[PDB]
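These notes are about the structure you will find just below.
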Amino acid sequence: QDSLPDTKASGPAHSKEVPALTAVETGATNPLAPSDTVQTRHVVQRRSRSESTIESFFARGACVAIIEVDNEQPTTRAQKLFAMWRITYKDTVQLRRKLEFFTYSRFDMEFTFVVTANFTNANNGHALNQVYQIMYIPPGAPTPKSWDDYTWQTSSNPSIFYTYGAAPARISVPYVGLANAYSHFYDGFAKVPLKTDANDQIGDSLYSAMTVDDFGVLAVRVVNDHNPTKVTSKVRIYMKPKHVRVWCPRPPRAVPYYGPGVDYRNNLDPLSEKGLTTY
Amino acid sequence: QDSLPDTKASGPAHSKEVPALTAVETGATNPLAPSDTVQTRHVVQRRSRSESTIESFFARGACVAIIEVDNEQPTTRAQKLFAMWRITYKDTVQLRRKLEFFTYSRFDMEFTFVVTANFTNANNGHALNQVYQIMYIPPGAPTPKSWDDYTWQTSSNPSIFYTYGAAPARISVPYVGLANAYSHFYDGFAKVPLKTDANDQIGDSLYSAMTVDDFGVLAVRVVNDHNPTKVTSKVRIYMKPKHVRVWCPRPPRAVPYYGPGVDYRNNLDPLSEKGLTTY
Amino acid sequence: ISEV
Amino acid sequence: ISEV
Amino acid sequence: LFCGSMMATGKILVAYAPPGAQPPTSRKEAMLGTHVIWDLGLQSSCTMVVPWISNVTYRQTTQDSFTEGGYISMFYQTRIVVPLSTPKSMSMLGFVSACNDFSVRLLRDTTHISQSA
Amino acid sequence: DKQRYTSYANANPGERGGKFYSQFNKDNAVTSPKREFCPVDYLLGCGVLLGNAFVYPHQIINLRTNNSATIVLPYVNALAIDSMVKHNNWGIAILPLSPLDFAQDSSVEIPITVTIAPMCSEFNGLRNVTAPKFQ
Amino acid sequence: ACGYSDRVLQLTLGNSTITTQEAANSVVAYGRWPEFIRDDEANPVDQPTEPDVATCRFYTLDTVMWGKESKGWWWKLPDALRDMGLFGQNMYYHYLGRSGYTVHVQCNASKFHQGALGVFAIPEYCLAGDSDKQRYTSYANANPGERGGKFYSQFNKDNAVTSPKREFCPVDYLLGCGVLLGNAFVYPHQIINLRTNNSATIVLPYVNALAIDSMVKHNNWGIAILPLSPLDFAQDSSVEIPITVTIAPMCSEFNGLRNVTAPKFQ
Amino acid sequence: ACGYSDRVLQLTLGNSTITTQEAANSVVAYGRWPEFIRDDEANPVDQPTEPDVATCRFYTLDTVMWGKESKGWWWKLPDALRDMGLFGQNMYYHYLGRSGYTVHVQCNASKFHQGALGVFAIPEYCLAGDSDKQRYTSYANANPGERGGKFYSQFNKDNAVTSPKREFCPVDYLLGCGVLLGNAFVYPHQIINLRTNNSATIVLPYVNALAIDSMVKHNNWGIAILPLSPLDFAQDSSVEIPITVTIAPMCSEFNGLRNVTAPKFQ
Amino acid sequence: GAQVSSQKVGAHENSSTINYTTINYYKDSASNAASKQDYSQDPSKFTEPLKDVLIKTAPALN
Amino acid sequence: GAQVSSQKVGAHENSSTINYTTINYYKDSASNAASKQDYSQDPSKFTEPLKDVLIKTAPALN
Ligand SMILES: CCOC(=O)c1ccc(OCCC2CCN(c3ccc(C)nn3)CC2)cc1
Ligand SMILES: CCOC(=O)c1ccc(OCCC2CCN(c3ccc(C)nn3)CC2)cc1
Ligand SMILES: *C(=O)CCCCCCCCCCCCC
Ligand SMILES: *C(=O)CCCCCCCCCCCCC
């Protein structure tokens, strides 16, 4: 049973108990109910808070990235034959705001990949079905310079081999934090400037940033050799936190995000105009 | 065992019991049987009413919508790159008439989506397989203005990612009513005009209508970037009520429907011509 | 199990 | 099995 | 919360009218509904509970006359009285929170945050 | 032509009640619409056939049998309680299944009197009086 | 224990709550809390109406301003409440009605203000009139409703025989009724002494020579508020503070229902 | 019994004692009293230093003056205390250090003064910056020590690309961090309402995603004091009262001793 | 947690109670299929809403 | 190793505790679905962080 407290039949009052009065200076919120300030009937409560549990609130796959990758003839200039994405929930705003209702979090992460593709050019013949390779490159491991170089051999890095048309790719990731909890906010620095330093750049750092590569990257490529005609593709990444726990509540972001930290720039006017005595 | 009452061997009569006579003025229906007005034999009845249970009567997926959506080059004018549909059983007539045999209903709802597509133009090359995104936008949530805008990030709204060619998409929805039952008919208004009102539009409302957006919308888009050649598609929505309960019986609609309320316009002549003494 |  |  | 000086006194009527009638423009009309008469004193603050009185089992979070909640209004029951050498004008702060019977359902995306291309 | 356009004032005649009509005469003037109901008798004023209205709680005043009809009504609604000012729960329809006839006098006329009593009435959410505009 | 006080009260009736942080305990008139007519004291035989929370709640009357020249205010009950929501309706739709009441009188100021209000609850408060004419005060003038009436410092007789005002002439030190004000303390009372308390709370039973009577023909209680000691502040000769009267019906019951009584207050 | 009160407190830590005759009870942040790192939550293996009474005592920071134009003040912890006696020494001689705190904020005035201070204790108080540049605020500007920082009424962007100030721009109604001030009450807090109390006492546990961390690289708690209601007195338009912040370390423990850290605050 | 019940056999093969098995895979009951073992009730509330319900052999109006 | 539990039935078909079955296929617990049987707690640490928590009917400041 998970229903909320029943309402009590409460009656008339003439006493020296004054629950309606309090003092919010103390830091506390008055634990009042209708039966303290008005006559109430007995209501048997069936309503429950089941959808607002920390798990139910986050239990939904959110889009956090769109990785664009092409399969075309390797020419001699800047191309997208392979792509890399620093894993994060911050490129998007929606999940970012929900997780930021809290300072600390601990959870397992589910990743679901929706791959879509299309023809770029009106017509150079067609393409046989493409297989995609998503490789996780943890910090330290060699990053690919070429779409078919040796790093894609993937002997120890986790890789997904997705086939176009198949049900969207899906995997789970454990709680991989270097600490007892993921910090959604870090009031600090990774380096400190010492008086004895040679230049003042040695000890300089980005405020609120911790590790440089934080969790690593996802590298994406079409394993297929190029067709005559080009195929452009998009790997959409959906993120869902499961087996979730959260600490220290924070106010929701009220102005538009300006980068990874708490920085604001514009649209600092969130509230509407409404008259004091207007309903 | 669910068979109907057996027939009784009944015999000749000469009595002061007159079951054949009654008085329908009272409001009641005479509970008679063949054995009351004629000599009957003993029949052991095996027949049952299993198909006419409220569940069996509704246990069928009915087409309630056809959502047309295109995937083409985003040009600068009115297009169908994404579509929205206010969820309802009233765009269609068939299920609408069955559910309307009753005033109140309570059930869980199953939605099955049949997606079909085709080529519009004789030939501009072809298209790689399309993935469809059906997002439920509950009232209050932001409605998309663009086919690839931020609302489709879908962090908390339920979304379906369907792949063309796959078995039709299917999901279940709980009893989501704001009341203890869905009202198939509401003899009332959402607002009341008060004497003290400034204009007489303030308190004006649509008769028999309750909430403005009632249950929200389904937004549909092709997640694929546009091919050179255009692909038009149709998402057919099938609705089936399950775990069904119904209250207060109503007469079936006898004239063609004219909008969401009980309004009639034409073809008010439902009955055929047949002679009084003609078989 | 549960047999009816 | 394990029934709660 | 009365944030006036300690020498300032006053009595205030704060009210809630369940929906369906004219939204109150006068204390006389506001009197008639659910209300608290706050007296300013050592206990700096006063709580008014808006009791769940509704036709539907759950109201909606967006605006809609069919599931509307009613009206909140406040009036002087007497007036703010100060002595001399005392500021004649001061601030009142207001706070809101849900009681323990309160619940919410059908998770959705908020209109309060967005993103441009 | 307008759907669900009948005004609160016209939907609610109070004590005076409303009447049925024998056929659908459409309110034609788009400029200043009457915003009234057009209840056609054999369609029960609601798009279904009158012969089936007997699935609803009823009695028949057959003049050779009885002076009256007594129907007791529970509160029926999809909610335990609602706004009585915004919403009607029950409707009372009295249609002559068989026409009034007497001796040979072609303009016969007898009174029909409706007497109603509230039962188990309970009220919630008290505040100032609602003054609707019936104009 | 905890920290409770004689001066800090909460009155809760129906959907209405009053808080006072500076009261002077509370008076229960003649030691009797309001109650319903008992079967052995019953007289009309018809089943009564008991509207409970819809009529037994706190109605706040229009505020009066106390100033240096203020001589006094008076109201009659049930008259003061004749137009108060569902109470007034029940009162006028029935021949018979009884009621008890909680009277809560409000007057706040500052540690530097000064003055004392005498709040008096009187059974059968018969006032004196205008004229040479005895018992000539008209129903319309006897009953001011919510607006109440005022006291005067001396007897100025309504002189015009031709078109008489038919009003009351309530002289303050004679309690408007021929006796001396200093003795009004034999009646249920409290004092709003501005250095001591913001308010007065008198609870009233139904008092009458009958179990129930016509509320439209007869007032049971009268509320008299006379300044025993004048309003004074700093040195500002035209000081002025609000006095607010809030009243609640209690244990209200009605007998003899029929069509509504429409009195002529013109 | 005897006569004890919610408003009269004595805080005694080490050789320091604070008395308040007008407090508003006291807050224990998130319901957790400060404690030492348990063996089953331990991570550095070296024997810790626990200076007890020599570091866990009341350090009073430089006083700030609240006036009619005052927009707000903010400090970070341990930063505010980096130079406070033996605490600062222990903090800079060790790589690792944890600490809880008792924050005691002081603001007195008179029954005739008016105003309300919002005293806020925030976990991980990340502030917004100067520029177009993201996460560009320098260590030197992020950490004012005892001096603390101030809030502003609006976002005036540091415009000079050539020689950037690399400072914070904390806008008051956005809590200097992109959210609205009215919601800061979800954080551990008290209100200094001048008609009610001279002070606020918030006790703070060590809050962090680690059992222990670098105090020199990272602040755990931020103290934000924003006037919810402005200072006002009599009619004198340039009123001014002192706000004094007194902080004490609690359950301080240090790991990883080596040579002293000398940061560049220039 | 498997549910087992008897099918109502219509056309019997030349081979008696035959059973079928059901298992719910989802936590939310809305996700469940329809059990279709539905009980019935009297027409009475509709066919005879009378305060004095009378016996079919006695005069309807007495 | 099958896990069996009661569904919280919302809209009941005209047919009582209905169960659902769960089995984990993977060794790593991160691979598991969400149990969603989540217990709650007091607002207190947040709604009343006080050293002397007082009773709602007594004066807040004594
Ligand atoms: C400090 C703020 O950021 C976070 O809190 C936060 C951000 C991202 C998080 O995701 C976990 C990190 C990685 C670890 C492994 N990973 C993988 C692993 C294998 C594959 C095929 N694909 N992805 C991708 C995600 C977890 C937490
Ligand atoms: C008032 C008359 O209408 C009805 O009675 C009636 C009409 C429609 C009903 O459907 C339930 C409402 C919605 C709620 C959720 N919903 C969803 C939810 C998620 C997805 C992917 N797709 N659809 C779609 C249906 C239920 C009842
Ligand atoms: C009760 O159901 C215990 C017996 C389970 C037998 C094995 C069932 C195998 C399928 C398990 C389904 C899990 C679905 C989430
Ligand atoms: C406990 O689970 C014992 C009962 C198992 C019943 C049969 C389950 C059949 C499916 C086994 C799943 C194996 C997954 C790796």
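Lettering and numbering for the structure tokens are positional, with chains as A, B, ... in the shown order, residues counted from 1 in each chain, and ligands counted from 1 in the shown order.
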Name all residues at most 9 Å from residue 218 in chain H (count only C-alpha atoms; drop same-chain ones fewer than 2 positions away) and give them as a PyMOL selection string. (chain A and resi 186-190) or (chain H and resi 77-79+124+213-216+220)
Taking only C-alpha atoms into account, which residues of chain B are within 12 Å of chain E, as a PyMOL selection string? chain B and resi 135-146+148-159+173-182+186+188-198+202-206+208-216
Residues at most 8 Å from residue 19 in chain E, counting only C-alpha atoms, excluding those fewer than 6 positions away in the same chain, as a ChimeraX atom specification? /E:68-71
Rounded to one decimal place, report the CA of residue 49 in chain I-CA of residue 52 in chain B distance in Å.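 Atom-to-atom, CA of residue 49 in chain I and CA of residue 52 in chain B are spaced 22.8 Å apart.
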Spatial neighbours of residue 3 in chain C, 10 Å, only C-alpha atoms, chain gap at least 3 places, as JSON, numbers by chain: {"I": [2, 3, 4, 5, 6, 19, 21]}
Kindly export the residues of the current selection with N, CA, C and O atoms, as an mmCIF file, in the first residue's frame.
```
data_model
loop_
_atom_site.group_PDB
_atom_site.id
_atom_site.type_symbol
_atom_site.label_atom_id
_atom_site.label_comp_id
_atom_site.auth_asym_id
_atom_site.auth_seq_id
_atom_site.Cartn_x
_atom_site.Cartn_y
_atom_site.Cartn_z
ATOM 1 N N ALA I 2 3.102 -18.331 -13.106
ATOM 2 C CA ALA I 2 2.234 -18.738 -14.222
ATOM 3 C C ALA I 2 0.780 -19.048 -13.901
ATOM 4 O O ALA I 2 0.445 -19.778 -12.983
ATOM 5 N N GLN I 3 -0.115 -18.481 -14.687
ATOM 6 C CA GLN I 3 -1.566 -18.655 -14.552
ATOM 7 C C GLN I 3 -2.124 -19.737 -15.474
ATOM 8 O O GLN I 3 -1.926 -19.673 -16.691
ATOM 9 N N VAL I 4 -2.808 -20.752 -14.945
ATOM 10 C CA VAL I 4 -3.320 -21.864 -15.761
ATOM 11 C C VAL I 4 -4.822 -22.051 -15.662
ATOM 12 O O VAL I 4 -5.398 -22.154 -14.581
ATOM 13 N N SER I 5 -5.478 -22.122 -16.804
ATOM 14 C CA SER I 5 -6.927 -22.321 -16.858
ATOM 15 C C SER I 5 -7.495 -23.147 -18.011
ATOM 16 O O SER I 5 -6.871 -23.401 -19.036
ATOM 17 N N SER I 6 -8.695 -23.670 -17.808
ATOM 18 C CA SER I 6 -9.392 -24.453 -18.815
ATOM 19 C C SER I 6 -9.972 -23.728 -20.020
ATOM 20 O O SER I 6 -10.735 -22.772 -19.906
ATOM 21 N N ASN I 19 -6.136 -27.241 -21.104
ATOM 22 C CA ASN I 19 -5.752 -25.978 -20.489
ATOM 23 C C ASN I 19 -4.864 -25.036 -21.302
ATOM 24 O O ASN I 19 -4.198 -25.441 -22.254
ATOM 25 N N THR I 21 -1.923 -21.657 -20.691
ATOM 26 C CA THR I 21 -1.097 -20.939 -19.732
ATOM 27 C C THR I 21 -0.892 -19.470 -20.106
ATOM 28 O O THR I 21 -0.708 -19.100 -21.260
#
```
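Counting from CA of residue 114 in chain H, the distance to CA of residue 21 in chain H is 18.5 Å.
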Write out, as JSON lines, each residue of chain B that has an atom at most 10 Å from chain J, together with the closest pair of atoms and their distance in Å to one decimal, counting only C-alpha atoms, rows going by chain and rising number.
```
{"residue": "B:53", "atom": "CA", "partner": "J:14", "partner_atom": "CA", "distance": 9.0}
{"residue": "B:54", "atom": "CA", "partner": "J:14", "partner_atom": "CA", "distance": 8.3}
{"residue": "B:55", "atom": "CA", "partner": "J:13", "partner_atom": "CA", "distance": 7.8}
{"residue": "B:106", "atom": "CA", "partner": "J:11", "partner_atom": "CA", "distance": 6.8}
{"residue": "B:107", "atom": "CA", "partner": "J:11", "partner_atom": "CA", "distance": 5.7}
{"residue": "B:108", "atom": "CA", "partner": "J:11", "partner_atom": "CA", "distance": 6.3}
{"residue": "B:174", "atom": "CA", "partner": "J:11", "partner_atom": "CA", "distance": 7.4}
{"residue": "B:175", "atom": "CA", "partner": "J:11", "partner_atom": "CA", "distance": 6.2}
{"residue": "B:176", "atom": "CA", "partner": "J:11", "partner_atom": "CA", "distance": 9.7}
{"residue": "B:242", "atom": "CA", "partner": "J:13", "partner_atom": "CA", "distance": 7.5}
{"residue": "B:243", "atom": "CA", "partner": "J:13", "partner_atom": "CA", "distance": 3.8}
{"residue": "B:244", "atom": "CA", "partner": "J:13", "partner_atom": "CA", "distance": 5.4}
{"residue": "B:245", "atom": "CA", "partner": "J:13", "partner_atom": "CA", "distance": 6.6}
{"residue": "B:246", "atom": "CA", "partner": "J:14", "partner_atom": "CA", "distance": 9.9}
```
Close residues, residue 16 in chain A itself excluded, 7 Å, only C-alpha atoms, min 6 positions apart in chain, as an MDAnalysis selection string: chainID G and resid 4:6 8:10
Just to be explicit: take each residue in the selection above, keep N, CA, C and O atoms, and write the result as a PDB file, in the first residue's frame.
```pdb
ATOM      1  N   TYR G   4       1.970  27.894  25.981  1.00  0.00           N
ATOM      2  CA  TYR G   4       0.639  28.409  25.683  1.00  0.00           C
ATOM      3  C   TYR G   4       0.142  29.617  26.488  1.00  0.00           C
ATOM      4  O   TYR G   4       0.571  29.844  27.601  1.00  0.00           O
ATOM      5  N   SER G   5      -0.816  30.410  25.982  1.00  0.00           N
ATOM      6  CA  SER G   5      -1.225  31.634  26.682  1.00  0.00           C
ATOM      7  C   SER G   5      -2.661  32.096  26.661  1.00  0.00           C
ATOM      8  O   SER G   5      -3.431  31.871  25.736  1.00  0.00           O
ATOM      9  N   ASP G   6      -3.002  32.853  27.671  1.00  0.00           N
ATOM     10  CA  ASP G   6      -4.329  33.432  27.854  1.00  0.00           C
ATOM     11  C   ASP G   6      -4.721  34.522  26.829  1.00  0.00           C
ATOM     12  O   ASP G   6      -5.872  34.936  26.630  1.00  0.00           O
ATOM     13  N   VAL G   8      -3.239  34.417  23.543  1.00  0.00           N
ATOM     14  CA  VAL G   8      -3.072  33.936  22.183  1.00  0.00           C
ATOM     15  C   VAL G   8      -4.140  32.898  21.876  1.00  0.00           C
ATOM     16  O   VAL G   8      -4.129  31.775  22.360  1.00  0.00           O
ATOM     17  N   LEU G   9      -5.100  33.273  21.039  1.00  0.00           N
ATOM     18  CA  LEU G   9      -6.225  32.397  20.720  1.00  0.00           C
ATOM     19  C   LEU G   9      -6.424  32.119  19.241  1.00  0.00           C
ATOM     20  O   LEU G   9      -6.029  32.872  18.345  1.00  0.00           O
ATOM     21  N   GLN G  10      -7.043  30.975  19.010  1.00  0.00           N
ATOM     22  CA  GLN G  10      -7.528  30.608  17.705  1.00  0.00           C
ATOM     23  C   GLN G  10      -8.983  30.160  17.768  1.00  0.00           C
ATOM     24  O   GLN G  10      -9.339  29.234  18.489  1.00  0.00           O
TER      25      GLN G  10
END
```
Counting only C-alpha atoms and all ligand atoms, what are the residues, protein, DNA or RNA alike, that approach ligand 4 to within 9 Å? I want them as number ranges by chain. D: 1-2; J: 1-3, 22-27
At a cut-off of 6 Å, which residues of chain J touch chain H? Count only C-alpha atoms and give the answer as number ranges by chain. J: 45-46, 49-51, 62
Hand me chain J as it sits after a least-squares fit onto chain I over every Cα, paired in order, written as a short mmCIF file (atom, residue, chain, number, x, y, z; two decimals) with N, CA and C atoms, in the first residue's frame.
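Full text of selection.cif as output:
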```cif
data_model
loop_
_atom_site.label_atom_id
_atom_site.label_comp_id
_atom_site.auth_asym_id
_atom_site.auth_seq_id
_atom_site.Cartn_x
_atom_site.Cartn_y
_atom_site.Cartn_z
N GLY J 1 5.16 -17.70 -11.31
CA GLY J 1 3.97 -16.88 -11.37
C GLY J 1 3.02 -17.14 -12.52
N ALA J 2 3.10 -18.33 -13.11
CA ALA J 2 2.23 -18.74 -14.22
C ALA J 2 0.78 -19.05 -13.90
N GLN J 3 -0.12 -18.48 -14.69
CA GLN J 3 -1.57 -18.66 -14.55
C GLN J 3 -2.12 -19.74 -15.47
N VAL J 4 -2.81 -20.75 -14.95
CA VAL J 4 -3.32 -21.86 -15.76
C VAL J 4 -4.82 -22.05 -15.66
N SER J 5 -5.48 -22.12 -16.80
CA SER J 5 -6.93 -22.32 -16.86
C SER J 5 -7.50 -23.15 -18.01
N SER J 6 -8.69 -23.67 -17.81
CA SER J 6 -9.39 -24.45 -18.81
C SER J 6 -9.97 -23.73 -20.02
N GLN J 7 -9.60 -24.16 -21.21
CA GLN J 7 -10.24 -23.66 -22.41
C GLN J 7 -11.67 -24.18 -22.54
N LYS J 8 -12.64 -23.44 -23.09
CA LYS J 8 -13.96 -24.05 -23.33
C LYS J 8 -13.96 -24.75 -24.70
N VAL J 9 -13.61 -26.03 -24.76
CA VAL J 9 -13.49 -26.69 -26.05
C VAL J 9 -14.75 -26.82 -26.90
N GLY J 10 -14.68 -26.20 -28.08
CA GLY J 10 -15.75 -26.29 -29.08
C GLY J 10 -15.66 -27.54 -29.95
N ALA J 11 -14.99 -27.50 -31.10
CA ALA J 11 -14.77 -28.71 -31.91
C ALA J 11 -13.62 -29.59 -31.40
N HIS J 12 -14.03 -30.72 -30.83
CA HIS J 12 -13.14 -31.72 -30.25
C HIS J 12 -12.52 -32.70 -31.26
N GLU J 13 -11.22 -32.65 -31.36
CA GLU J 13 -10.47 -33.64 -32.12
C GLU J 13 -10.66 -35.06 -31.64
N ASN J 14 -10.61 -36.09 -32.50
CA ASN J 14 -10.70 -37.47 -32.05
C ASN J 14 -9.56 -38.07 -31.23
N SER J 15 -9.32 -37.50 -30.06
CA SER J 15 -8.26 -37.96 -29.18
C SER J 15 -8.66 -38.72 -27.92
N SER J 16 -13.08 -34.24 -22.05
CA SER J 16 -11.71 -34.02 -21.56
C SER J 16 -11.26 -32.57 -21.49
N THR J 17 -10.74 -32.14 -20.32
CA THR J 17 -10.32 -30.74 -20.13
C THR J 17 -8.94 -30.31 -20.65
N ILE J 18 -8.95 -29.36 -21.58
CA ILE J 18 -7.70 -28.83 -22.15
C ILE J 18 -7.36 -27.44 -21.57
N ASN J 19 -6.14 -27.24 -21.10
CA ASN J 19 -5.75 -25.98 -20.49
C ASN J 19 -4.86 -25.04 -21.30
N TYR J 20 -4.84 -23.76 -20.93
CA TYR J 20 -3.88 -22.81 -21.48
C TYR J 20 -3.16 -22.01 -20.40
N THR J 21 -1.92 -21.66 -20.69
CA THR J 21 -1.10 -20.94 -19.73
C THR J 21 -0.89 -19.47 -20.11
N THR J 22 -0.92 -18.60 -19.09
CA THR J 22 -0.72 -17.17 -19.24
C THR J 22 0.32 -16.65 -18.26
N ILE J 23 1.28 -15.80 -18.68
CA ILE J 23 2.22 -15.14 -17.77
C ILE J 23 2.33 -13.65 -18.08
N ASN J 24 2.14 -12.78 -17.09
CA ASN J 24 2.35 -11.34 -17.27
C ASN J 24 3.81 -10.91 -17.19
N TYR J 25 4.27 -10.25 -18.22
CA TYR J 25 5.66 -9.79 -18.37
C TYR J 25 5.95 -8.39 -17.88
N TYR J 26 4.87 -7.65 -17.69
CA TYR J 26 4.94 -6.24 -17.31
C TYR J 26 4.33 -5.89 -15.97
N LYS J 27 4.99 -4.96 -15.29
CA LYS J 27 4.52 -4.42 -14.02
C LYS J 27 3.20 -3.67 -14.11
N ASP J 28 3.02 -2.78 -15.06
CA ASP J 28 1.76 -2.06 -15.22
C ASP J 28 0.61 -2.89 -15.75
N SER J 29 -0.43 -3.17 -14.94
CA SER J 29 -1.60 -3.95 -15.37
C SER J 29 -2.29 -3.52 -16.66
N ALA J 30 -2.21 -2.25 -17.03
CA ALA J 30 -2.71 -1.78 -18.32
C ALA J 30 -2.08 -2.52 -19.52
N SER J 31 -0.83 -2.93 -19.34
CA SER J 31 -0.07 -3.71 -20.32
C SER J 31 -0.57 -5.11 -20.56
N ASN J 32 -1.43 -5.59 -19.65
CA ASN J 32 -1.95 -6.95 -19.75
C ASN J 32 -2.97 -7.20 -20.86
N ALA J 33 -2.94 -8.42 -21.37
CA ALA J 33 -3.99 -8.85 -22.26
C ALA J 33 -5.37 -8.94 -21.56
N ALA J 34 -6.45 -9.21 -22.25
CA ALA J 34 -7.74 -9.36 -21.62
C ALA J 34 -8.03 -10.75 -21.12
N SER J 35 -8.25 -10.97 -19.83
CA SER J 35 -8.63 -12.28 -19.32
C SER J 35 -9.86 -12.95 -19.93
N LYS J 36 -10.85 -12.19 -20.43
CA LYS J 36 -12.09 -12.69 -21.04
C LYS J 36 -12.95 -13.76 -20.36
N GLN J 37 -12.74 -13.94 -19.06
CA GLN J 37 -13.57 -14.81 -18.24
C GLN J 37 -14.54 -13.91 -17.51
N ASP J 38 -15.53 -13.45 -18.25
CA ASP J 38 -16.41 -12.44 -17.68
C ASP J 38 -17.75 -12.90 -17.17
N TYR J 39 -17.93 -12.53 -15.90
CA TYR J 39 -19.18 -12.88 -15.22
C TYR J 39 -20.36 -12.00 -15.66
N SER J 40 -21.57 -12.47 -15.49
CA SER J 40 -22.73 -11.68 -15.90
C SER J 40 -23.58 -11.16 -14.76
N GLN J 41 -24.72 -10.58 -15.07
CA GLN J 41 -25.63 -10.07 -14.04
C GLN J 41 -27.08 -10.06 -14.51
N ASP J 42 -27.97 -9.69 -13.62
CA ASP J 42 -29.39 -9.56 -13.91
C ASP J 42 -29.71 -8.37 -14.81
N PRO J 43 -30.63 -8.51 -15.78
CA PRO J 43 -31.30 -7.36 -16.44
C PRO J 43 -32.11 -6.45 -15.51
N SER J 44 -32.65 -6.99 -14.43
CA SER J 44 -33.44 -6.31 -13.40
C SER J 44 -33.35 -4.81 -13.13
N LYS J 45 -32.16 -4.25 -12.89
CA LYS J 45 -32.04 -2.80 -12.69
C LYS J 45 -32.61 -2.01 -13.85
N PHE J 46 -32.52 -2.59 -15.04
CA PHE J 46 -33.08 -2.04 -16.27
C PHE J 46 -34.46 -2.59 -16.64
N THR J 47 -34.69 -3.89 -16.57
CA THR J 47 -35.98 -4.49 -16.93
C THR J 47 -37.08 -4.41 -15.91
N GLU J 48 -36.72 -4.11 -14.68
CA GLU J 48 -37.70 -3.95 -13.60
C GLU J 48 -37.23 -2.99 -12.52
N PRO J 49 -37.03 -1.70 -12.79
CA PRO J 49 -36.59 -0.75 -11.76
C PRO J 49 -37.68 -0.47 -10.72
N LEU J 50 -38.59 -1.36 -10.38
CA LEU J 50 -39.72 -1.07 -9.50
C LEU J 50 -39.47 -1.13 -8.01
N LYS J 51 -40.13 -0.23 -7.29
CA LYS J 51 -40.06 -0.23 -5.84
C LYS J 51 -40.79 -1.45 -5.25
N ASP J 52 -41.95 -1.80 -5.79
CA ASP J 52 -42.60 -3.04 -5.43
C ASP J 52 -42.49 -3.97 -6.62
N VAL J 53 -41.45 -4.80 -6.72
CA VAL J 53 -41.34 -5.74 -7.84
C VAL J 53 -42.30 -6.92 -7.64
N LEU J 54 -43.19 -7.03 -8.60
CA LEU J 54 -44.24 -8.03 -8.55
C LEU J 54 -44.08 -9.36 -9.28
N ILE J 55 -44.78 -10.40 -8.86
CA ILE J 55 -44.64 -11.70 -9.53
C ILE J 55 -45.34 -11.80 -10.88
N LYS J 56 -44.69 -12.24 -11.97
CA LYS J 56 -45.32 -12.30 -13.30
C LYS J 56 -46.74 -12.91 -13.44
N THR J 57 -47.17 -13.78 -12.53
CA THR J 57 -48.51 -14.35 -12.59
C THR J 57 -49.60 -13.54 -11.93
N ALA J 58 -49.26 -12.59 -11.06
CA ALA J 58 -50.25 -11.74 -10.36
C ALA J 58 -50.61 -10.47 -11.15
N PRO J 59 -51.77 -9.80 -11.00
CA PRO J 59 -52.13 -8.62 -11.80
C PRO J 59 -51.09 -7.50 -11.68
N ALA J 60 -50.58 -6.93 -12.76
CA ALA J 60 -49.57 -5.87 -12.71
C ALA J 60 -49.99 -4.63 -11.90
N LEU J 61 -51.24 -4.28 -12.15
CA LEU J 61 -51.87 -3.25 -11.39
C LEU J 61 -52.98 -3.86 -10.59
N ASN J 62 -52.76 -3.74 -9.29
CA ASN J 62 -53.73 -4.18 -8.32
C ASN J 62 -54.29 -2.94 -7.60
#
```
